[PDB]
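Note sheet for the following structure.
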RNA sequence: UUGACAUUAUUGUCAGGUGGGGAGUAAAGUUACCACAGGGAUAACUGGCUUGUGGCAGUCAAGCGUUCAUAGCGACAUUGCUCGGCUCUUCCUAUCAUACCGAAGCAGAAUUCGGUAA
């Protein structure tokens, strides 16, 4: 977008990022099933958890990707200014 | 009856079952590339399976291509001293991938 | 400088030094841009329309109505149909199973194009592995007389007994033999056909085992084997055809040139019928060859085929 | 074994309208978010048909079918048909225009009725003489206005809504076979400002 | 390789007289190419006369197949008819059945012939007589023992069998 | 049934191939490829169930191994590629909002994570 970028959702240091997404799937989804239930409810239980953690990481990753300014698509001053302050190749890596 | 175990099916699937009248194998349970590790050099090469050779427990499973723990499988070395065969070590019904060790 | 290109073949393609050196000497850098740069095409999709069950003009309609792009090759025969774009399965169409056409390469046509089968006569064979060429034997024949089929593999006869009955040839004595002791079995006076028992084995786009695993020991004994198979082919009759799928000299025009001297009853007539470039005289310190001009050649980049050689012989007494 | 249920209502429309898609070589396909119009344009048109799809969603390519995946109302995508279809003119022009339904129905039908005129201006620009123009259009207040401008820009305008539709949905598949291809086109006619000019009170 | 006995031909000709009618006289009397048939390792092979006459030099272990295979003699003493016979059979068919272009691939995978295909079949068909399946172009697909007569199979619910599959040309994918 | 020789197509010899077709000294093994009828043997009982971090192979490696690291097991890491839905009552917290806090480049606003909290 335009001149400045303060409005970026914060970046968790990959260990805490795991502790956010995995704990949320433990708290927000149902957690208790018997082995004595029908197989259909056992399947649907674990499917719901794999998918919900899937959406979890993706939501956090999408926030990073959309949040940071697309360096080579902004403006020639800013494309080069970020290239001076940060290793532009590594910023794209 | 359908099989709820992970299998490998060869590329001649379109009209292969002569002797497998109603032996349903769903497309979700078909894993094509085994996550094979090399013993002598501690490097893991994720390579496609060519042939299911010898599954213990059942000689039916050898003809179905079932990949239960102890199955010897053929590994494609297109990407590349090497051994062409690998023995599986995990239970792919439980975890995600098929994990094999070369011989 | 040569060794630069030898480092740009054995590393770029991941190739054997033994073959990279033996297939560059007395060959131009232009020819290096022909042969070596053609092993990514990997067999253009031609087809062999079985003339017994249906004519080609009645088979052009059949596939086009199912949305198959078809176009004939140059001059040879309308039988060869180049497939460009199809979504209908390329082996499971009911017309494959009927026996209206067999899926072949363009190199599979010509060793039997050169041979001229006539009515009521017998054709003998030694090594026809799939049986795609014996189809072209017993279709020009129009199912008359005798047609022998042979290969030295019990496992590979299943492709023969599949294709013969699939395409409906009716006159096939498909039997496993040792190809050397063949004149002692019967020795039929009419013509024979031999093709590719080879160690040189051209076009690596088909088999990349050639790319890595061909040493000198293959070139010692396999050219010797196919050399002896000529000495059984000239002891059958009568128009002999011996061919191979190899561009290396130690397979063709060193093996055929042996048997030319070894019997005075051998004549090399004009092999092919339409096109195919002229044959050499000198083969890197080799003999005089003004008689070996007619044994045709084909390249993977001059035409959309897979590089091979044909040699058609005649016997008198 | 097709892609969507929208596939079974053009193969049904061909049989009712003399197999017009069978004879046709080149087709401009609009608004096809699934390929439920290019698949059936492949099984009807002759081999190497060269059919071109335009849709707002970016998605996969299909074998034997070229498909450009961007905007409909811009000049740049009109320069992507100008990028391709200048030498050849389309035999037919398809329209599976449908908005994201669920807002009042008054506007869910009027953004449709708006979309069909923009698809018309991509059609009137790039159609062969005496071709056709098939269109998904909702029955609304401004349907009788669209059938009139169809009537004065085409030869025979026939509405259907064939079987294998929803039966509850307010769809019409109207065909417009025969195209005038005039040298003098009325500029005030084709623009949506004058099209939906409401009839005076009684 | 051997020549058939008196009974062993009769067993074959009866099975061939199940699909072809009394038009089996077309199959043995030609005078130009009289087409004699022989067997190797209990499996009959149909060929031209001379092409089997000169192939009497091949060893029994060295032999694999000979022209057109009809079928093999079973251990119990019957005669099966394999799909490879159809190139000889369909040229002299008696009771012939067609199918849908849509309902072709179900048949080509090993399923039976449903009633869901209605048109012009053969007439005068007995309930348990051998029928030959055609698919535009009259392409032979395989064999079949009929489920019902022609009369009964017209007033039927479309998911009932009209011809039990015996062998189809889809066997050429093995 | 093929070649060589002679008759110089026909006929002979020799040599090469097949040969439970006849003379002399049939049917049988197998079957977890197994398809249909019959006889057996039980299936399907929270023994506190269930939740958020995979599996395979190697790298470390607290100790224990019958002494003990070279009879072997071995945690956390780490390195390898990859049947649905309408309506109400009550309850639970694993809380979306409202209440109060802690951390965060938290200038302000806005926000992200976390704690108490039904």
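Residue numbers (the deposited numbering), protein chains in the order written: chain b, 1 to 93; chain r, 149 to 228, 238 to 260; chain q, 227 to 463, 471 to 550; chain w, 24 to 225; chain l, 1 to 174.
Every residue, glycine too, gets a C-beta built ideally from N, C-alpha and C.
Return the chain-ordered list of same chain residues with a C-beta closer than 7 Å to the C-beta of residue 153 (chain w), the five sequence neighbours on each side being excluded.
Residue numbering aside, residue 153 (chain w) sits at position 130 when the fourth chain is read from its first letter. Counting only Cβ-Cβ distances below 7 Å, and skipping sequence neighbours, we find 201 and 202.
So with CB distances below 8 Å, who are the chain q contacts of residue 14 (chain l)?
Sequence index remark: in the fifth chain, residue 14 (chain l) carries index 14 (1-based). Within chain q, no residue comes near residue 14 (chain l); the closest Cβ sits about 23 Å away, beyond 8 Å.
Mind pulling the chain l residues with CB within less than 8 Å of residue 324 (chain q)?
Taking the third chain and counting its residues from 1, one reaches residue 324 (chain q) at position 98. Under the 8 Å cutoff, chain l gives 139, 140 and 169.
Taking residue 83 (chain w) as part of the alpha helix (DSSP H), name the residues at either end of that continuous run.
Residue numbering aside, residue 83 (chain w) sits at position 60 when the fourth chain is read from its first letter. Premise fails: residue 83 (chain w) is in no alpha helix (DSSP H) and is neither H nor E.
With DSSP collapsed to three states, give me the class of residue 421 (chain q).
The sequence position of residue 421 (chain q) within the third chain is 195, counting from 1. The answer is strand: DSSP assigns residue 421 (chain q) an E or B state.
Below 7 Å CB to CB, which residues in the same chain sit around residue 48 (chain b) once its five sequence neighbours on both sides are set aside?
Along the first chain, read from residue 1 onward, the residue named residue 48 (chain b) stands at position 48. Only 29 meet the Cβ criterion.
Expressed to the nearest angstrom, what Euclidean distance is found between the alpha-carbon atoms of residue 363 (chain q) and residue 102 (chain l)?
Sequence index remark: in the third chain, residue 363 (chain q) carries index 137 (1-based). Sequence index remark: in the fifth chain, residue 102 (chain l) carries index 102 (1-based). One C-alpha to the other measures close to 36 Å.
What are the start and end residues of each continuous beta strand (DSSP E) run of 3 or more residues lying completely inside the segment 251-317 of chain q, in chain order?
Segments of the beta strand (DSSP E) lying fully in the segment 251-317 of chain q: 272-275, 296-298 and 307-309.
If the cut is a Cβ gap below 7 Å, which residues of chain l does residue 163 (chain r) touch?
Residue numbering aside, residue 163 (chain r) sits at position 15 when the second chain is read from its first letter. Residues of chain l passing the Cβ test: 109, 170 and 173.
Indicate whether residue 193 (chain r) and residue 184 (chain r) have their beta-carbon atoms separated by less than 8 Å.
Indexing the second chain from 1 puts residue 193 (chain r) at position 45. Indexing the second chain from 1 puts residue 184 (chain r) at position 36. Contact: yes.
Who does residue 239 (chain q) pair with in a DSSP beta bridge?
Taking the first residue of the third chain as position 1, residue 239 (chain q) is located at position 13. DSSP, once it has assigned bridges, lists no residue as partnering residue 239 (chain q).
Could you give the C-beta distance for residue 524 (chain q) and residue 506 (chain q), rounded to a whole number, given that I count them as a contact under 8 Å?
Here residue 524 (chain q) corresponds to residue number 291 of the third chain, with the count starting at 1. Here residue 506 (chain q) corresponds to residue number 273 of the third chain, with the count starting at 1. The pair is not a contact, with the Cβ atoms about 20 Å apart (cut-off 8 Å).
Suppose the cutoff is 8 Å on Cβ atoms and the five residues either side in sequence are ignored; what does the same chain contact list for residue 74 (chain l) look like?
To locate residue 74 (chain l), count along the fifth chain from 1; it is residue 74. These residues qualify, in order along the chain: 80.
In the segment 61-75 of chain l, which residues sit with their C-beta less than 9 Å from some C-beta in chain q, listed in chain order?
Residues passing the 9 Å Cβ filter: 61, 62, 63, 64, 65, 66, 67, 68 and 69.
Kindly give me the distance between the Cβ atoms of residue 100 (chain l) and residue 132 (chain l), rounded to whole angstroms, as I take these residues to be in contact under 8 Å.
Taking the fifth chain and counting its residues from 1, the one referred to as residue 100 (chain l) is at position 100. Taking the fifth chain and counting its residues from 1, the one referred to as residue 132 (chain l) is at position 132. Rounded, the Cβ-Cβ distance is 17 Å, inconsistent with contact.
For the structure I just gave you, are there three or more beta carbon pairs, one from the segment 409-420 of chain q and one from the segment 342-354 of chain q, closer than 8 Å?
At 8 Å Cβ cutoff, the stretches touch.
For residue 98 (chain w), which option in w:144, w:191 and w:213 has the closest C-alpha, if you only look at C-alpha atoms?
Counting from 1 along the fourth chain, the entry for residue 98 (chain w) is found at position 75. Ranking w:144, w:191 and w:213 by Cα distance to residue 98 (chain w) puts w:144 first.
Only counting the same chain, and skipping five residues up and downstream in sequence, which positions put a Cβ closer than 8 Å to that of residue 122 (chain w)?
For the purposes of this step, residue 122 (chain w) is taken as residue 99 along the fourth chain, with counting starting at 1. The answer, listed in chain order, is 131, 134, 135 and 138.
Are the C-beta atoms of residue 158 (chain l) and some chain q residue less than 8 Å apart?
Residue numbering aside, residue 158 (chain l) sits at position 158 when the fifth chain is read from its first letter. Answer no: the Cβ-Cβ gap between residue 158 (chain l) and chain q never drops below 8 Å.
Nearest-angstrom Cα distance between residue 223 (chain r) and residue 546 (chain q)?
The residue labelled residue 223 (chain r) in the question sits at position 75 within the second chain. The residue labelled residue 546 (chain q) in the question sits at position 313 within the third chain. About 45 Å.
How would you list, in chain order, the residues of chain l whose beta-carbon sits under 9 Å from the beta-carbon of residue 386 (chain q)?
For the purposes of this step, residue 386 (chain q) is identified with residue 160 of the third chain, where counting begins at 1. Simply 64 and 65.
Could you give the uninterrupted runs of the beta strand (DSSP E) lying entirely in the segment 340-416 of chain q, keeping only those of 3 residues or more?
Counting only runs of 3 or more, we get 348-351, 372-375 and 398-401.
Give the interface partners of residue 87 (chain l) over in chain q, defined as CB-CB distance under 7 Å, in chain order.
Indexing the fifth chain from 1 puts residue 87 (chain l) at position 87. Those within 7 Å of residue 87 (chain l) in chain q are 394.
Take residue 100 (chain w) and list the residues in its own chain whose beta-carbon comes closer than 8 Å to its own, dropping the five residues that flank it on each side.
Taking the first residue of the fourth chain as position 1, residue 100 (chain w) is located at position 77. These residues qualify, in order along the chain: 77, 91, 93 and 94.
Quick one, which residues of the segment 275-299 of chain q are near chain w if we go by CB-CB under 8 Å, in chain order?
So the close ones are 290, 293, 294 and 295.
Give the C-beta separation of residue 153 (chain l) and residue 145 (chain l) to the nearest angstrom, bearing in mind that I take them to be a contact with Cβ-Cβ under 8 Å.
As a first step, residue 153 (chain l) is located in the fifth chain; it is residue number 153 there, counting from the start. As a first step, residue 145 (chain l) is located in the fifth chain; it is residue number 145 there, counting from the start. Incorrect: roughly 13 Å between the Cβ atoms, too far for contact.
Roughly how many angstroms lie between the CA atoms of residue 367 (chain q) and residue 499 (chain q), to the nearest whole one?
The count along the third chain starts at 1 and reaches residue 367 (chain q) at position 141. The count along the third chain starts at 1 and reaches residue 499 (chain q) at position 266. About 25 Å.
Would you mind sorting residue 168 (chain r) into buried or exposed? The rule is 16 or more other CB atoms within 10 Å of its CB.
Along the second chain, one-based indexing puts residue 168 (chain r) at 20. The residue is exposed, with fewer than 16 neighbouring Cβ atoms inside 10 Å.
Do the segment 48-67 of chain l and the segment 24-37 of chain l make contact, defined as three or more Cβ pairs closer than 8 Å?
Cβ pair count under 8 Å is three or more, so yes.
Residue range of the beta strand (DSSP E) that residue 166 (chain w) falls in?
Within the fourth chain, residue 166 (chain w) is the residue found at index 143, counting from 1. Neither: residue 166 (chain w) is in no beta strand (DSSP E) and is coded neither H nor E.
Does any residue of chain w have a CB that is nearer than 8 Å to the CB of residue 308 (chain q)?
In the third chain, residue 308 (chain q) corresponds to position 82, counting from 1. No, residue 308 (chain q) does not count as interfacial toward chain w.
Would you decide whether residue 330 (chain q) is buried or exposed? Buried here means 16 or more other CB atoms lie within 10 Å of its CB.
Within the third chain, numbered from 1, the residue matching residue 330 (chain q) stands at position 104. Residue 330 (chain q) should be labelled buried.
Within the segment 96-156 of chain w, note down every full beta strand (DSSP E) run reaching 3 residues or more, in order along the chain.
Complete beta strand (DSSP E) runs here, min 3: 113-118 and 150-156.
Quick one: which chain l residues come within Cβ less than 9 Å of residue 403 (chain q)?
To locate residue 403 (chain q), count along the third chain from 1; it is residue 177. Neighbours of residue 403 (chain q) on chain l, chain order: 58, 59 and 62.
Where does residue 89 (chain b) sit, in a helix, a strand or coil, going by DSSP?
Within the first chain, residue 89 (chain b) is the residue found at index 89, counting from 1. If DSSP states are grouped into helix, strand and coil, residue 89 (chain b) belongs with the helices.
Please go through the same chain and pick out, in chain order, the residues whose beta-carbon is closer than 7 Å to the beta-carbon of residue 451 (chain q), but skip the five residues on each side of it.
Taking the first residue of the third chain as 1, we reach residue 451 (chain q) at position 225. Contacts found: 423.
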